[PDB]
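Count the sequence shown with the deposited numbering and you get residues 1 to 47, in order. Here a beta-carbon is modelled for each residue, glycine too, at the ideal position from N, C-alpha and C. Structure first, then comments.
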Amino acid sequence: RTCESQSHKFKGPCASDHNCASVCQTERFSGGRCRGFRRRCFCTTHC
């Protein structure tokens, strides 16, 4: 299932999708992006 989650690990707001993604991918396996842009970073994975 396409599963989405939140990234409270990333520092502050969404500096850049690719950045929060890289972080979220370096710690775990979950592709990360931001709600719209700049707002808040969510990570997607298979739950």
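- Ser-22 carries a helical assignment under DSSP once its states are collapsed to helix, strand and coil.
- With respect to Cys-20, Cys-41 sits close: the two C-beta atoms are nearer than 8 Å.
- Within the DSSP secondary-structure output, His-46 pairs in a beta bridge with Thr-2.
- Residue pairing by DSSP places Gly-36 in no beta bridge whatsoever.
- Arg-35 and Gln-25 have their C-alpha atoms spaced approximately 17 Å apart.
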